[PDB]
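Single-structure report; data block below.
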Amino acid sequence: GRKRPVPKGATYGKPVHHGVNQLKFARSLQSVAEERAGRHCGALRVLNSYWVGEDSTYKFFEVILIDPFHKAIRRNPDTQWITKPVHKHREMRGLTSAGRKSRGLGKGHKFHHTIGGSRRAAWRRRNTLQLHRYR
Amino acid sequence: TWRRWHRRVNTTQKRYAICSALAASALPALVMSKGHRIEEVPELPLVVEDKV
Amino acid sequence: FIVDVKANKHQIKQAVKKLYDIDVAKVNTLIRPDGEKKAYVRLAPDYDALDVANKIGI
Amino acid sequence: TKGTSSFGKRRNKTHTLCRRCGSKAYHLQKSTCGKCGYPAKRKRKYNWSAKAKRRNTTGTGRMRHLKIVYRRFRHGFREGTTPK
Amino acid sequence: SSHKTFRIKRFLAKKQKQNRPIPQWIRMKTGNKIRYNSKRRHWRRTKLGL
Amino acid sequence: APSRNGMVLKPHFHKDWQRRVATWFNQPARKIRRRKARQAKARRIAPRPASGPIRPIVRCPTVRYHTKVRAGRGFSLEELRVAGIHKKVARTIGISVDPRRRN
Amino acid sequence: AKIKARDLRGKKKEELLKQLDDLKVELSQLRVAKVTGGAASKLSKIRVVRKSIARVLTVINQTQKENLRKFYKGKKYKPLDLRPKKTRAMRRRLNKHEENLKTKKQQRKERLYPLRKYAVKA
Amino acid sequence: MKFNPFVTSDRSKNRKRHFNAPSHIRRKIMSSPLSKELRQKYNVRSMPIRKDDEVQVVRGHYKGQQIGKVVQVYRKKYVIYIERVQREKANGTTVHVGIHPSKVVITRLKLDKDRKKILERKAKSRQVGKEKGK
RNA sequence: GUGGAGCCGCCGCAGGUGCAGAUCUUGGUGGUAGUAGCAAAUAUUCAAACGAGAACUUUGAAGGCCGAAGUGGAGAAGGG
RNA sequence: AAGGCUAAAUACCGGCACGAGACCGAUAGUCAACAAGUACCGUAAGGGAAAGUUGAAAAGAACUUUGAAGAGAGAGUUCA
RNA sequence: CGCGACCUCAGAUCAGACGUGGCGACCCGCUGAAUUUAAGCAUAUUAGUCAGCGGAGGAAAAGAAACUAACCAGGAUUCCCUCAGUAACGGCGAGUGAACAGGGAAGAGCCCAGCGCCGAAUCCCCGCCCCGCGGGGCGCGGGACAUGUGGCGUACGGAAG
RNA sequence: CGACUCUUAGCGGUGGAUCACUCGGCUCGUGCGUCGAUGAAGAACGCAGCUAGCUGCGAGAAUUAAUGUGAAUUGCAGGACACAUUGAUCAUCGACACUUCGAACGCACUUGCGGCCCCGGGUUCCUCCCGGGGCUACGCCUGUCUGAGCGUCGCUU
Ligand SMILES: [Mg+2]
Ligand SMILES: [Mg+2]
Ligand SMILES: [Mg+2]
Ligand SMILES: [Mg+2]
Ligand SMILES: [Mg+2]
Ligand SMILES: [Mg+2]
Ligand SMILES: [Mg+2]
Ligand SMILES: [Zn+2]
C-alpha cells in the first residue's frame, strides 16, 4: 500500500487524520500497471492486461497495447473503435476492465452509490438544489 | 438569480378573472371610464360579421 | 552605411562590392543604441570616397 | 543597520528575464522561472489565483493563428480557390 | 554596466526609441483624446528593473 | 435559538449549496426545443407513425400497483413465436422486441 | 507606372527576377533620398514601390507553388506544405472510405433484414 | 414592427454599428433623395451620393434653390462638401461648412458605367413590387 | 433667476427604499499658518560681458578649502 | 461475473457568433465605458489605479495694443 | 572450425508514420485538508467538497443484467416529478440520508475469445499496370505478418450439421 | 473715522456634487462547439512619408494576390483617374507569404560551438578554405538493413 507522503508522519490535522501508515490507495495495482505502460507509449492505445507473476516485492503484468495508425488496425471495422479519438489514454480516465473495477460501478442494490453516470456524477446530482421556476 | 421571479395562480382564479374581465367590457360606463372614447359607437358588445 | 543587424563583415564586404562596383579595404561594425548596425566601410586606395558618394546621391 | 544602510548593499540581481514569458523571473541560480517554470515542459499555473491565469491565458496575446482558425471554421476549411 | 549582453541592449534600445512625445499632427486628428504621452519614463524617477 | 411551540427542523443547508444550484430559466427554451426534435423527426421518417414502435400490455409489479396495465418495452420471443413473425424481422415491421422478458 | 499582377502572369521566370531586381534598385535610392534632405515627391514614391515589389514576389511564389503542385499531382508521398492543412484533428480522422467499411457479418445482416417503410391504419 | 429575431432593436447596439461602420457600408448610409423631376425619369427614390453630383440643400442655415456641385465626400464625418456653401473664418480664409446628405437633394446625377447599373437594378426591383398586386 | 431636452399627476405593481455619527469608504477644503522651518563638514569679495532682469551664470583678479588613505585621476557592480 | 463496442434525451460562469431584459448609469456597473490587466509597486510569487461630456458646425478668438513672456484691454465667431 | 535456421536482443540522421504542449466552463481517474458547526472538544460535521495531479470531447461518463423484485410480476443507460427529508446512519447528540415500484423525456442495439468447421479460404507492404477525376481500390507479380492461429459462419434471447 | 470680528444677500474664485446623456457592463437565453510538430497558446523584436501608445501586421511587415463592391483615404503632404483596360476604397477571404524565443527539435543558451550532404564562385578537391541551401531532438509503431549470443538446434570438420 501507499505511505502518506508527509514529512516525519506529521499530518497536522484532527486525530482521525493521523493515518500515516495503514493507507491503501483505492485504485488497484493492475490499474497502476496499465497506467505507467500507456504513459511511456502515448502513441499507443491500451486495451487491458493480466497477471504473470508476483514475488513479495514486485508484481508483474503483461499489458497489451494497440497502435491506432497501422492499416491492419485502421481497416477492419471491428477494430476501428479504438482509433476514434475519445479513446485517447483510457486508463488515465479509468476505462479498462482492470481500471473500471476501482470506480465501483455496475447495476444492483450493492452498486447504487454510483447510480448516475459515475461516482461524483451521482454526488453532484444528489447534492444539487433543484429549485424550479414556479416553485 | 434564484429569486422567485414567477408566480402561480390556480386556474379557476384565472378563469374567474377572465369572466370578470369580459363582463365589464359590456357595461358602457366601465369601458368609457377607462378612457376609451366609445360615445359614437353602437351596441357595446360590437359584433361585425365573419367576413371581416 | 547602416546595415541590417544580422549581417557580418564578410556579408557587408561583398554587398558594397556588388551593388556599388568598388573594392573594399576593411569594415568596422558597431551597434548604435537605436538598435541598428552601423558599418564603417573603408575603400581601397585605388578608389575614392568623395565621388563614389556622388554617384549614390550624397 | 537593519534598514536604510542595509539597502546600500543591494547590488547584484536574483532574477533575469525569462526566455518563454518575458518576466524578470528567470532565477539565475536555481535556473527556473517564477511565472512559467521555464526548463520544465509544462506551464506553471495554479487555481489558487484566478487572476494569474487571467494575466496569461489564451486571448490575451496576438493569437496569430487562432484568428485564422476561428475564421476558416465558418466555411468548413476550404482548400481549393475561388471561381472567377 | 558597460558590460552588457545583446539581449540587454536590444531591450534598452527598444525602451529608448519609445520615449518620445506625440507628433504634433495627431492632436489635429479626428476623434482622438490622447494629448500627451502618459507612459513617459524618466531615467532617475522610474527605473526599468533590468 | 428555539422559541415557543413550533417545529424542530433539519434544513440541509450546512453544505456549500449555492454552487450546485440548478435554476430552470431555459426550461421554456428547451420545451420549444424538443418539440422541434419531434416534429423534424416525424416528417423526417416516413408515413411511419410517430412515437416509435408498438409496446405490449404489461401489468405493474409491487402489490400497490399490480391491479393496472402499463405499456412495456418489447413483446419478446415467446409472444413473437406464437404470432408467427421472426424475432429479428419484427423490428423492421415496427414491433419492439424485449428478449429478457419472461412469460 | 503601375504594376498589376494580372499583367505579370504572362511573363517568364527570367523576366520577373530582372524586373524584381529593378524595383529593389529604385527603392534603395529613395531610402537615400529619405536620409538626406529628400524631396516631398520622392518620399511618397517609397510606399508605392515596396507594395509594387510585393506584387512581383507574390507572382513568383504563386507561379512556383502552383507550378510545383502540378508536378506532384497523382503521386504517393507529396510534401508537407502540399498536403492539406484543415486542422490537426482533421488529419487523424479515418477517411471517407474507411469509415464506410462494414464487416461481412453486418453486411448480410443488412441485406437479409432491411429496414422497411410502413404505416398503421388498415 | 420587427419580426426577424436576428436583427437588433436596442438603442446602444444600433449606434455602435453606425459610428463604427465600414467605409463600403458608409457610402450606403450616406444617401440622398433625387429631385422630383429626376425621380420620375428614373422611377427610383434615392441614391448614394458621389463626387460630382449637382445638388441643392433643402434644410438648414444654407438652403433654397442653390444647385451647385459637391466637391468632397467625407465618409468619416458623414459629410459632403458643396462648392458654393462656405464660411469665412476669423482669419479670412474661406472654408467649406459640412452638411449631412440626408438634408440635400440631387438635381443631376453623374452617370458612369456603374451608375447605369445601379439605377437599372434599383428600378427593376420596383416592378416586381408592382407585379405582386394581382 | 440661471440652465438647454426631457418630465410629472392619479390607480395598481416592484425594490440595490430616506443618514449626523460606524477611530465609517472615496473625493474635496479649512483653522493651526505666511507659523515650524529652508543652521552637519571654516568663506567669500571686486570689476566686466551676455541679458527684459544677476547675492547664485561665464570670465579676470584677490582671498580660501580638499592636501596624494583627497572634494584629484581611472574602473567592477548597478544605472540606461 | 471476472472480455468489448454503441446514438438519443443530459451538463456547459471557458470559446466563436447572436438576441433580449420591470437590471447598472462614470464613487454605480466588470478591476477595466478612455493608450486596463495600463501606468506604477515588489528581488520575486503577486498587487494593481486614476481617468466619460466644447459646439449644431472648429466657425479653436485674425487684426490693434501694453508687457521680455505668462497674462491682459479692445475687436471678432456662435442662439450662448 | 565453418555454415544454415530459429529464439532472445541490439543499433541506425533507415522507409513510412505516430505521441508530447495549450485551453480546462462542463466531463473522467486519483489525491484530499482546515476554518466552521456541536454554544468547550477529540468520533461526527464542514467534505470526499477547496487546493494539488493526470486524461479527454463537442459533449463526457454510463449502457444491453452475475438487475429490481416476492405478485396477476417487471426488463440496458441517462434526465425529470415523485417516492422523501422517508428506511437507515450518528458522543442515537449536532447533524447526515439513498433506493425500488409509479408518471414522464428519449428510446437501439450488438460484437469477440472459447467449443467445433472450412487445404490460412486472411492481412500488411512494394512494383508495374484496368483506369479516372479531388485518390481510393476489388484486378497482376514479388517481400513480409501469421499455425504460439489471420479470415468466414457463430454469443447464452441458445448454436451448429 | 477707519481696521478687526460676526450674521445675512449679490458678484467673483476654489471645488466637481446633482441632473440629462452613454460605441461599457451585467444577467438570462438561443445557435455552433474549431488549437498544436504541417511548429499551437504565449513571449520577444521589428515594420508607417511625417507615428510615442493602443490597434493591425511579419524583412512580401499600417499589408500581397483573388473575389465582391464601385470613387475614395484625410491631421498634413504626395500620386496614379486610368473604370467599353485591370477598378480608388472597403468588406470578404479560398491563393501565397508568415523574423526570433517557445512542446522547441544539432548541442548549449553565453546571437556560444558544431557535424555531414549539395550548390555558386577561390587552392578547378581529398587531408576542417567564402556565401547560400538541405539535414541532424526524445519517445515509439510497422517494415528494412546491419549483427550480438558457453540461448536452442541442425548439417559438418
Ligand atoms: Mg412550494
Ligand atoms: Mg443590450
Ligand atoms: Mg476538440
Ligand atoms: Mg467624478
Ligand atoms: Mg490585393
Ligand atoms: Mg546548412
Ligand atoms: Mg530535453
Ligand atoms: Zn518565465
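What to note about this one:
So that you can scan it fast, the table gives a plain yes or no per residue for (1) farther than 23 Å from D:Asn56 by Cβ; (2) more than 13 Å from chain E (Cβ to nearest Cβ); (3) within 8 Å of ligand 8 (Cβ to nearest atom):
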| site | (1), (2), (3) |
| --- | --- |
| D:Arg10 | yes, no, no |
| D:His15 | no, no, no |
| D:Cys18 | no, no, yes |
| D:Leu28 | no, no, no |
| D:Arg42 | no, yes, no |
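- Meets criteria (charged (D, E, K, R), touching a strand residue (DSSP E or B) at 6+ places or on another chain (Cβ under 7 Å) and surrounded by 12 or more Cβ atoms within 10 Å (Cβ to Cβ)) for C:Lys26: no
- Residues being touching a residue at least 12 places away in the same chain (Cβ under 8 Å), of a type outside the set (A, V, I, L, M, F, W, C) and part of a loop (DSSP other than H, G, I, E, B) - total across region F:76-99: 6
- Residues satisfying the stated conditions in region F:80-103, i.e. away from chain G (no Cβ under 14 Å) and charged (D, E, K, R): F:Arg81, F:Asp98, F:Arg100, F:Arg101, F:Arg102
- None of G:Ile3, G:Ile46, G:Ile60 is under 30 Å from D:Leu66 (Cα atoms) and away from RNA strand J (no atom under 16 Å from the Cβ) except G:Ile60.
- Residue match in region D:51-65 (condition: within 14 Å of chain G (Cβ to nearest Cβ) and either near RNA strand L (Cβ under 8 Å from one of its atoms) or closer than 30 Å to E:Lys9 by Cβ (or both)): yes
Quick grid of which residues meet (1) more than 25 Å from H:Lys76 (Cβ to Cβ); (2) hydroxyl-bearing (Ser, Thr, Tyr); (3) within 11 Å of another protein chain (Cβ to nearest Cβ); (4) assigned to a helix (DSSP H, G or I):
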{"position": "E:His3", "(1), (2), (3), (4)": "yes, no, no, no"}
{"position": "E:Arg10", "(1), (2), (3), (4)": "yes, no, yes, yes"}
{"position": "E:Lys14", "(1), (2), (3), (4)": "yes, no, yes, yes"}
{"position": "E:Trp25", "(1), (2), (3), (4)": "no, no, no, no"}
{"position": "E:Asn32", "(1), (2), (3), (4)": "no, no, no, no"}
{"position": "E:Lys39", "(1), (2), (3), (4)": "yes, no, no, no"}
{"position": "E:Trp43", "(1), (2), (3), (4)": "yes, no, no, no"}
{"position": "E:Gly49", "(1), (2), (3), (4)": "yes, no, yes, no"}
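- Scanning region A:1-41 for residues that are in a loop (DSSP other than H, G, I, E, B) and among the charged types (D, E, K, R), we see that the one that is surrounded by the most Cβ atoms within 10 Å (Cβ to Cβ) is A:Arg27.
- Of the strands (runs of 3 or more DSSP E) contained entirely in region H:33-134, those carrying at least 1 residues that are of a type outside the set (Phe, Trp, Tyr), within 27 Å of H:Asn20 (Cβ to Cβ) and away from ligand 2 (no atom under 16 Å from the Cβ) fall at H:46-48, H:68-74, H:79-82, H:104-108.
Okay, residues lined up against (1) more than 10 Å from every other protein chain (Cβ to nearest Cβ); (2) over 30 Å from F:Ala42 (Cα atoms):
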residue	(1), (2)
G:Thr58	yes, yes
G:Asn61	yes, yes
G:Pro79	yes, yes
G:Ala89	no, yes
G:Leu115	no, no
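- For A:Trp123: the one exception among (1) within 24 Å of G:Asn95 (Cβ to Cβ); (2) surrounded by fewer than 15 Cβ atoms within 10 Å (Cβ to Cβ); (3) not polar (S, T, N, Q): (1)
- Subset of region B:1-29 (residues that are in a helix (DSSP H, G or I), more than 30 Å from F:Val21 (Cβ to Cβ) and under 16 Å from the mean Cα position of the chain (by Cα)): B:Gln13, B:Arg15, B:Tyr16, B:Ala17, B:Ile18, B:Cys19, B:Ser20, B:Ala21, B:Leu22, B:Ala23, B:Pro28, B:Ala29
- The one condition from (1) within 30 Å of G:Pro84 (Cα to Cα); (2) part of a helix (DSSP H, G or I); (3) touching a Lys or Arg at 6+ places or on another chain (Cβ under 9 Å) that D:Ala52 does not meet is (1).
- Unique match (being among the charged types (D, E, K, R), within 14 Å of chain A (Cβ to nearest Cβ), more than 23 Å from the chain's Cα centre (by Cα) and not in a helix (DSSP H, G or I)) among G:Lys109, G:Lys102: G:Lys102
- Taking each residue of region C:32-58 that is away from chain E (no Cβ under 14 Å) and surrounded by 11 or more Cβ atoms within 10 Å (Cβ to Cβ) and looking for partners that are basic (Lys, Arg) and in a strand (DSSP E or B) with beta-carbon atoms closer than 6 Å, six or more apart or interchain, yields C:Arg42/C:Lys26.
- Among residues of region H:86-104, those that are within 19 Å of H:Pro33 (Cα to Cα) and of a type in the set (A, V, I, L, M), counted: 2
- Residues located in region A:84-128, provided they are touching a residue at least 40 places away in the same chain (Cβ under 8 Å) and either among the polar types (S, T, N, Q) or in contact with a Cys (Cβ under 7 Å, 6 or more places away or on another chain) (or both): A:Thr96, A:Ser97, A:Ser102
- Single condition H:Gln40 does not satisfy, out of (1) surrounded by 10 or more Cβ atoms within 10 Å (Cβ to Cβ); (2) more than 26 Å from H:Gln127 (Cα to Cα); (3) free of Cβ contacts under 8 Å to residues at least 24 places away in the same chain; (4) away from RNA strand J (no atom under 12 Å from the Cβ): (2)
- Within region F:32-79, if we keep just the residues that are within 14 Å of another protein chain (Cβ to nearest Cβ) and within 16 Å of RNA strand L (Cβ to nearest atom), the residue that is nearest to F:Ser96 (Cα to Cα) turns out to be F:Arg44.
- In region F:55-75, the residues that are surrounded by 12 or more Cβ atoms within 10 Å (Cβ to Cβ) and either in contact (Cβ under 8 Å) with a residue 12 or more places away in the chain or farther than 16 Å from F:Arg102 by Cβ (or both): F:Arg55, F:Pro56, F:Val58, F:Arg70, F:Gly72, F:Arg73, F:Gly74, F:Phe75
- Pairs with Cβ under 8 Å, 6+ apart, first in region F:9-30 and within 7 Å of chain A (Cβ to nearest Cβ), second near RNA strand K (Cβ under 7 Å from one of its atoms) and not polar (S, T, N, Q): F:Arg20/A:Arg124; F:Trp24/A:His132; F:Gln27/A:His132
- When region A:56-74 is filtered for residues that are surrounded by 14 or more Cβ atoms within 10 Å (Cβ to Cβ) and either of a type outside the set (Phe, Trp, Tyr) or under 23 Å from G:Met90 (Cβ atoms) (or both), the ones remaining, listed by number, are A:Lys59, A:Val63, A:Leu65, A:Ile66, A:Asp67, A:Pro68, A:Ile73, A:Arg74.
- Test: H:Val79 is within 14 Å of chain E (Cβ to nearest Cβ), within 30 Å of E:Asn32 (Cβ to Cβ) and without any contact (Cβ under 8 Å) to a residue 24 or more places away in the chain: yes
- The number of residues in region B:30-52 that are in contact (Cβ under 8 Å) with a residue 12 or more places away in the chain and part of a helix (DSSP H, G or I) comes to 1.
- Selected residue (criterion: nearest to RNA strand I (Cβ to nearest atom)) from residues of region A:76-98 that are away from every other protein chain (no Cβ under 14 Å) and among the hydroxyl-bearing types (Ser, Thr, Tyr): A:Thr96
- Filter result for B:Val48 (aliphatic (A, V, I, L, M) and either within 16 Å of RNA strand J (Cβ to nearest atom) or within 14 Å of chain A (Cβ to nearest Cβ) (or both)): no
Here the Cβ is made from the backbone with ideal geometry for all residues, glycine too, and neighbour counts use every protein chain on show. Coordinate-derived values only; no laboratory data.
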